[PDB]
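Data block below; observations after.
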Amino acid sequence: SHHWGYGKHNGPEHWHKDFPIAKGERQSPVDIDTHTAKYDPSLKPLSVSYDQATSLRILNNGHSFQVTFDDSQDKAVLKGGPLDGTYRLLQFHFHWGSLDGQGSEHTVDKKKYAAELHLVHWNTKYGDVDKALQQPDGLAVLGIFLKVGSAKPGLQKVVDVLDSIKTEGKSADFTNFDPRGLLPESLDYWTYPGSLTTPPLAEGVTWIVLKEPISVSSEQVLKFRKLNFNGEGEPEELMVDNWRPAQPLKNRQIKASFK
Ligand SMILES: CCOC(=O)c1cnc2c(NC(=S)NCc3ccc(S(N)(=O)=O)cc3)cnn2c1C
Ligand SMILES: [Zn+2]
Numbered sequence: 002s003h004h005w006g007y008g009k010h011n012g013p014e015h016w017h018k019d020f021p022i023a024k025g026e027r028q029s030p031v032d033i034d035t036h037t038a039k040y041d042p043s044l045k046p047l048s049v050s051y052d053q054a055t056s057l058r059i060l061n062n063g064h065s066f067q068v069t070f071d072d073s074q075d076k077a078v079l080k081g082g083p084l085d086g087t088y089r090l091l092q093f094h095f096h097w098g099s100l101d102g103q104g105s106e107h108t109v110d111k112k113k114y115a116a117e118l119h120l121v122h123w124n125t127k128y129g130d131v132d133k134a135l136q137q138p139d140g141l142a143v144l145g146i147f148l149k150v151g152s153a154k155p156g157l158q159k160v161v162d163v164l165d166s167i168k169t170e171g172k173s174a175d176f177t178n179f180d181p182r183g184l185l186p187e188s189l190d191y192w193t194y195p196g197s198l199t200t201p202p203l204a205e206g207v208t209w210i211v212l213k214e215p216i217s218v219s220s221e222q223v224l225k226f227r228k229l230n231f232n233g234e235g236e237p238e239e240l241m242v243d244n245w246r247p248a249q250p251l252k253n254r255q256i257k258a259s260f261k
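Residues 2 to 125, 127 to 261 in the deposited numbering are what the sequence shown lists, from first letter to last.
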């Protein structure tokens, strides 16, 4: 267990004491005001190249569940859009709510989605993720909203393994998972400079938030809500509402890839 969390005594309003950058100039997430975001005709097309992805493990880390990838070579990469050079996929994880009307970190005209998927990539010009974490352009997170409706077939393999990683520190083999199955049709996006949304809240992320949500079923998101923050044997505290709220935009502009 880590000291920080999402509760009354350790949640987002407390994080600044250990992580003073929590009150910084480029924190995430933010509200995306669709009427103030501006179309940027100079944004290059986004390239999501996930066909050679090598998934390794699925892990309950006490704040989310993550799927980890082999990032030792250019396998699954993000390029183009606002990005200079090549960003390698390291992991994905989710944020979700106790109810379908909350759970996302980003908001769209103050609308909260049921959940948000973060695909976390690092800039290969810095050689490893730890070095990338120290740079203002070290990371790129592709954010995808989840709404409750039809099931997402490409998520079901994830849902079906969550019973094996109920508590903090549990992991399982999770090879041959294809993250292409988590993507919506459209790659239309908003982009802005921001931060990690969990400690250490490092201000090194280029955010790329897709406009089109994916639909997941009520049964799929209910399985997320059966996970536990606690380790095996501690009082049961459901892993729900593991989202940081919108932070001040301050001196930033959100750009749109689309009209
Ligand atoms: C040299 C190879 O390094 C590693 O093996 C390594 C290092 N770190 C990780 C992570 N965790 C990461 S990168 N955490 C930082 C973070 C990111 C993204 C957001 S968000 N919520 O999207 O803003 C928050 C926080 C997950 N595997 N892994 C691995 C496998
Ligand atoms: Zn995240």
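Built from N, CA and C at the ideal position, the CB exists for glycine as well.
{"Item": "Helix, strand or coil at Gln158 [DSSP, three-state]", "Value": "helix"}
{"Item": "Residue nearest to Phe20 in terms of C-alpha spacing, selected from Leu141, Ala204, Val68, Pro181", "Value": "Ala204"}
{"Item": "Pair within 8 Å by beta-carbon distance, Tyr194 and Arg246", "Value": "no"}
{"Item": "Residue from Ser105, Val109, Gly104, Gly82 with nearest C-alpha to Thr208", "Value": "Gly82"}
{"Item": "8 Å CB neighbourhood of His15 in its chain, flanking five on each side removed", "Value": "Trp5"}
{"Item": "Proximity test, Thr199 beta-carbon vs ligand 2 heavy atom, cut-off 7 Å", "Value": "yes"}
{"Item": "Nonlocal neighbours in the same chain, by C-beta distance under 8 Å from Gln158, ignoring five residues either side", "Value": "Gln222"}
{"Item": "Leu91 CB to nearest heavy atom of ligand 1 below 7 Å", "Value": "yes"}
{"Item": "Three-way DSSP call (helix, strand, coil) for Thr55 in this model", "Value": "coil"}
{"Item": "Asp132 CB to nearest heavy atom of ligand 1 below 7 Å", "Value": "yes"}
{"Item": "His96 beta carbon near ligand 2 (any heavy atom closer than 7 Å)", "Value": "yes"}
{"Item": "In chain order, each beta strand (DSSP E) run of at least 3 residues that lies wholly inside the region 184-244", "Value": "191-196, 207-212, 216-218"}
{"Item": "Selection from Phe66, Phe70, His64 that minimises the alpha carbon distance to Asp52", "Value": "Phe70"}
{"Item": "Nearest-angstrom Cβ-Cβ length linking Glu170 and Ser2, presumed shorter than 8 Å", "Value": "6 Å"}
{"Item": "Host beta strand (DSSP E) of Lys133 (start-end)", "Value": "That residue, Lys133, is in no beta strand (DSSP E); its alpha helix (DSSP H) goes 131-134."}
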